[PDB]
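Shown here is one chain on its own, the form deposited in one PDB entry, set out as structure tokens.
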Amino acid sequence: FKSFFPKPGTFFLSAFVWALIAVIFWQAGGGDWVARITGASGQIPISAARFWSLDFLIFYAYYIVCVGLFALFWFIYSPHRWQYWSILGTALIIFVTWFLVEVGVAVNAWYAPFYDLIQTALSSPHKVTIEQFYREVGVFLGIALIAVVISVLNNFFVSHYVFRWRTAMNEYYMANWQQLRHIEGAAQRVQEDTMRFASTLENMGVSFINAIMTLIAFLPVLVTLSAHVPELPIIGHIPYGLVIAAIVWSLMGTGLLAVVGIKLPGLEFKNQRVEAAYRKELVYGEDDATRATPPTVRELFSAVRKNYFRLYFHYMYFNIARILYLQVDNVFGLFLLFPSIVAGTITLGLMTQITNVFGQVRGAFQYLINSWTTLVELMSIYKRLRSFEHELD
């Protein structure tokens, strides 16, 4: 952290505070006040040309200025060797993560005109020509090429950014290698842990903000869509139906799974301890003939087997909750629309757009849920590195 980011204790606190001020200013008065000066209308095209429209160009300049002011302050307050990768590189990664989310919002907005065309064609034969379908797919493809080009370049930069984090960590560890030479497993920490720490931390760092950005991007979408869905199946009429139900289903559903699997991180940590003890005895017995004896390794593997069997038993309840939540989530989006579908207040495009919004939010959160094992790995790596640096003193 200290080798890559400048003063991590204050840098991340300052970044969070500065981002909060920038977000608050833009979402309250900044967004409209800047647009009035430039003269940008709210008509955002559904096609791929919306990403270089006036409204999107303004946000590109606003993000650059906010990052530039943040970067210039930290370039003078405390210079760093990797300040161009830690500060500016993360801002690029955060921006591209937001951009790929807004591409999904553009794709989601395309599901309404397309499936309204499908409903028109199905409702009456020989009414919609095949040329209209070709153009609509052409609109989707235009957004797809933007998604393809940016995503391909995103993985290229993220991989290069991660390697610079490893390079920063490796340079710090190799500089004071003489004091770190005598630490047990020092070679693994310098080589295996530096790449693992950077890759793991960056992966869930992007995954966490991507899940948050998915909510932030689709909440205004659901507020506009909730006008066509005034009635809910069991809980009746609510001023904000879809927005409340989606938030409750997503956040509490994600929150409840964490509550069900509270014991899982503890069991995984214990599994790592018994495996390490089994490995540690084997390492000692590699040279000494009195170590790693049959009755010694028998009890150690029994502890490994017993704790692993405990993890499988507890993870069974997590599987029950996780899989049941996934199966219901496949039909929950349509379940909320049953009173509106019956009453004929929505079209097939609105039905598919609302269901897609739930699907995109579900997919963003699924990467977060499936990364709980990844989180346990990161804490294990960090503790090994923290102990490795503590010995350095």
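So that there is no doubt, residue numbering starts at 1 and follows the sequence shown. For the two forms, the rigid core is made up of the largest set of C-alpha atoms that agree within 1.5 Å on superposition.
In what follows, reference is made to the form deposited in another entry, a form of this protein that is not presented.
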* After fitting the rigid core, tell me which of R322, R166, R189, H80 has its Cα displaced by at least 2 Å between this form and the one not shown. => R322
* Asked: Taking the rigid core as reference, does the Cα of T293 move 2 Å or more between this form and the one not shown?
  -> yes
* Asked: Can we say the CA of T374 moves by at least 2 Å between this form and the one not shown when the core is superposed?
  -> yes
* **Core superposition between this form and the one not shown, C-alpha change of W249 at least 2 Å** => yes
* Given that the distance between the C-alpha atoms of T10 and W372 changes by 3 Å or more in the other form, do they end up closer or farther than here? -> closer
